[PDB]
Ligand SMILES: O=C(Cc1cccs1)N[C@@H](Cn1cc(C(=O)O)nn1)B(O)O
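A single chain, nothing else alongside it, follows as structure tokens in the form deposited without the named molecule.
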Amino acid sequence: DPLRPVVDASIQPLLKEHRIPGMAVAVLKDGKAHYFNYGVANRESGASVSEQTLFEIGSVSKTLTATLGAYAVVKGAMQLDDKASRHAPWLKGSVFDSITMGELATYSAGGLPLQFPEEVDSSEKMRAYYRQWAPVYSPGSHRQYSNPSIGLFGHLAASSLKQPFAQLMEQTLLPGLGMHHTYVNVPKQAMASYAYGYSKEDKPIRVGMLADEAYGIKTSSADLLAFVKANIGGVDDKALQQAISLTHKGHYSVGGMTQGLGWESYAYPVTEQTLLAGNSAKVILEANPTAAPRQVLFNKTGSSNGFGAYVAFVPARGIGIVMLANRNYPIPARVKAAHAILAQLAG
């Protein structure tokens, strides 16, 4: 493969520095998929990573959940400016009478935290948590990246379509996107393809409330590259195509990053500095005020215990990259490697 040396040059240093057991990389250019596989999915079996290996992609799941939400909008089941309690009777009489579905989707409802409190570990406790939650910021004014926020968005989008979230994803949305090996619940027949994650102590590990919606997808580099293709070349189904397009619209910005539904976007060519800043600890962990929204690059990071994922693509240039690893290695390393490889592809 004439792209192998370029991809290897940016990826092999990551593997060495962070002792990454395995990584599946996929690149799109000129309508063609290219797969570059490294190391092992499972240190016990020694099974090689391939483009069919399943990795936990963590928050990259949010792009898929966002697409389901957009699909519900396209189907007329909900609108982004609906109050959240329209789709959850159990939220009636709370502050979620005054917070919109779009605000949940874009982490801007007013300071919902990164994670549920550890104690919130059941349906009953989760409903209680939202009903007692006290806003920190006015709706729309601040971005605080949040699993409870987008998790609730996805959960309520599923409810608006009158089906369970996992079923909608596995039976309708994901196969509609050409993603037939993408799961919230990995079935028996797919378990042999499922990597283990590796913690910092090299312990094998795999993945709470709204996990499915917020961070629970297992998928392959082949399936995720198919999703990238869907986000560039499109899909056959008109409703899904319109849904995908809704996920590209900018809602607001934080520095040089523009927040949409799931995807976070940048003007392209993008400097490494701009891409690092929008993916920085400050943006991920702290509340930041929302500013007016901005060729475009779209991306999403995701991590779980033992896993580290990144996807970035540029529709105007027909290029994209997926990097799925079974080590949670630092986001800036992901960004720098992707930026370098994409720049080589862009020419």
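A residue's number is simply how far along the shown sequence it sits, counting from 1.
Another form, the form deposited with the named molecule bound, is not on view; read the next lines as being about it.
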| property | result |
| --- | --- |
| Placed ligand check: the named molecule in the entry with it bound, overlay by site C-alphas, backbone/C-beta within 2.4 Å | open |
| Candidate from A166, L114, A267, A128 lying within 4.5 Å of the named molecule in the entry with it bound - any heavy atom | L114 |
| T247, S85, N147, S159 - the one with a heavy atom within 4.5 Å of the named molecule in the entry with it bound | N147 |
| In the entry with it bound, segment of 226-234, 190-198, 139-147, 89-97 with a heavy atom within 4.5 Å of the named molecule | 139-147 |
| Touches the named molecule in the entry with it bound: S59 (any heavy atom, 4.5 Å) | yes |
| Interface membership of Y215, the named molecule in the entry with it bound, 4.5 Å heavy atom rule | yes |
| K29, heavy atom within 4.5 angstroms of the named molecule in the entry with it bound | no |
| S303: touches the named molecule in the entry with it bound, heavy atom cutoff 4.5 angstroms | yes |
